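Comments concern the structure below.
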Number of protein chains: 2
Amino acid sequence: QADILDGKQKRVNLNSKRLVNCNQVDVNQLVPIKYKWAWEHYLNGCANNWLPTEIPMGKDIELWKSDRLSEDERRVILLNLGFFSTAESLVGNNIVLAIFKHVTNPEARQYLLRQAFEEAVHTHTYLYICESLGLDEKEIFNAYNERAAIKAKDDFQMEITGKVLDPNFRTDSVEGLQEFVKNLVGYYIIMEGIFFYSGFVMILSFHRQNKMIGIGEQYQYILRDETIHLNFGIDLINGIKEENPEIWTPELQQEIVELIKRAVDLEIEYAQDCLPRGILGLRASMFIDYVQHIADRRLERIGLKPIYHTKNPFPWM
Amino acid sequence: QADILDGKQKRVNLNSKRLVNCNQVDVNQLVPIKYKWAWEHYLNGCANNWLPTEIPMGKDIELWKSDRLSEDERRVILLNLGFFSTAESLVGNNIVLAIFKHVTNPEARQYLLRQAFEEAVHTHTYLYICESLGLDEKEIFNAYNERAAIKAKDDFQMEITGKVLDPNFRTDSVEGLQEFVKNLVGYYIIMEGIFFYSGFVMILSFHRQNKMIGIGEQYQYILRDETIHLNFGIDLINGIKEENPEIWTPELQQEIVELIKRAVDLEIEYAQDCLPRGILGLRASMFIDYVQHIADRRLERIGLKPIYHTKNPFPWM
Ligand SMILES: [Fe+3]
Ligand SMILES: [Fe+3]
Ligand SMILES: [Fe+3]
Ligand SMILES: [Fe+3]
Ligand SMILES: [Pb+2]
Ligand SMILES: [Pb+2]
């Protein structure tokens, strides 16, 4: 029996929980869980646990060090490792430094903790690949400062991670919450839902042709994780919209479509930089259609109309 | 070859990396790793992966629901679940909202991500135990508002999680960094290194007598994780002290010994509340010696002299 009788009044009421701005209820108590979709993403993520080094790199090392890969094939591998190597850190740091603080709900935060740790595992993966192949890790991890197409994507990303980090930033104003939703869109929809996809397609294409299968298998595990990251982000954005409808104005909607169009342009320039002529039957041309196609799929998931209407040239994805 | 030639100047120099206040080097690039101990804790944590529900609770449910446990035995289980259930959230939220931002080093942050996710797994564990035993999760998770001995520990904890959360808090002053080190001490040394131990001993004592073994096995996995959390915290505090020696004044040292003495008092009151008369051969008396003994071991690890000099009554720990 409680020896602080008044404490019983602090048990959390399910119906008082909210995704953001919830400071009327004790955020430290997990129960009763309200957003079951967040708990499900958490359990699914936990079930997907994997260790990069359980994947053998022996055949990849032999192939990489032989004369059987073309310079154009090596280029695709190097450019994608360059971009992914720090993109994980950008995403992980954003979850922690920007999102977590403002998602005032314990079960959603449970998932964020799983998500951020999975970005650490992804980072470990690129380090393992670099050291396995004998690449200079310092050069690969610094790609986003040395390769214009990668830097452009990451500089674009900063244009949204910025604001939310200010010491005085708050989500308890319509404009503060809109700014927060733009950050969620920038990281979940754009970075994780678009910027990683040309790369997934290129790397998984090697795998399908039985080349660099160790890297291919690791990217398959990463893609499995990223699918959940994206689905969680979509549910979070949709949940915040539902609980704060005054936020989802024609103006915010248009700003979001604008950010997505800009990201599509940057992702196309990145796919062209990876494929100046083409390898494995892929041509940069195909990525214009593909990047525009997934952008339409992302738009629809957060209630916006598709704008490109292009067909998917990689249905196996 | 870099297409942004100036970018090559941004590769990180190993000797410019620091644990705190490091804004002269790109914190987003993991390499080259400098604090290898952090990377080791990370790999060790990853290797310890476990899922609470892989541990069977059938025998525990049968025992719990039978008439074979005494009210005093049930009390120990209920009080510890009450305290641990939200202590994990307090720790996880602190890592994210207070520590991560100020530990300006990517490999240390890699570990923090593993640590925070493990606190989520611990939280899952208590929910699984509650639902398995048919306890009312809302009452258990609200224990820190309903039980004075638990609330006292958690209110004490807030006295340090506070400051570092202020919008204007910074570690680039000797007093700001001292305040940050007091928070690290409060969470790693005190919450994780002392406040969890009477509970570990009590629960593991059931396990040793073949009672509630499912809960006992889960606590064994939690203890294995917490040992690394503590060791990482110790290395971090010692590393920060080494790189910012002007911080470790007689005054900070005394304030730390003071906080530890206060925590020992609170932990003893908590052990007495769990054992008003004793079970399994344990008496509250033994915890006075034990809590004081581990406090001495923690003091020594961060370079302070032991002050209690008591012997350990539970060497099997
Ligand atoms: Fe990732
Ligand atoms: Fe991700
Ligand atoms: Fe824990
Ligand atoms: Fe811990
Ligand atoms: Pb452009
Ligand atoms: Pb007292």
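Only this structure's heavy atoms are used, side chains among them; waters, hydrogens and symmetry mates stay out. In what follows, every chain begins at residue 1, and chains take the letters A, B, ... in the order their sequences are listed. Remember, it's 1-based here, ligands and their atoms both numbered in the order they're listed.
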Worksheet item: Any idea which N/O/S atom from A:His229 gets closest to the Fe ion (ligand 2)?
Response: ND1

Fill in: the Fe ion (ligand 4) - closest N/O/S atom in B:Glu119
OE2

Discussion item. Looking at the Fe ion (ligand 2), is there an N, O or S atom belonging to A:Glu226 that lies under 2.8 Å away from it?
Written reply: yes

Discussion item. For N/O/S atoms only: which one belongs to B:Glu88 and is nearest the Fe ion (ligand 3)?
Written reply: OE1

Practice prompt. Test side chain to side chain contact (heavy atoms under 4.5 Å, CB included) on B:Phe141 and B:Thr123 and set out the steps.
Written response: CA-CA 10 Å; B:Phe141 277 68; B:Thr123 297; 4.2 Å; yes

Discussion item. I'd like to know if A:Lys182 and A:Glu179 make a salt bridge, using a cut-off of under 4.0 Å between side-chain N and carboxylate O.
Written reply: no

Worksheet item: For the ring pair A:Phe314 and A:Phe287, is the centre-to-centre distance below 6.0 Å?
Response: yes

Discussion item. Suppose we only allow N, O or S atoms; which atom of B:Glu192 ends up nearest to the Fe ion (ligand 4)?
Written reply: OE2

Practice prompt. Assign the ring pair B:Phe84 / B:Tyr126 to parallel, tilted or perpendicular, where the plane angle (0 to 90°) is split at 30° and 60°.
Written response: tilted

Discussion item. If you count heavy atoms of other groups shown closer than 6.0 angstrom to CZ of A:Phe156, is the number above 12?
Written reply: yes

Discussion item. Report the atom name of the nearest N/O/S atom of B:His122 relative to the Fe ion (ligand 3).
Written reply: ND1

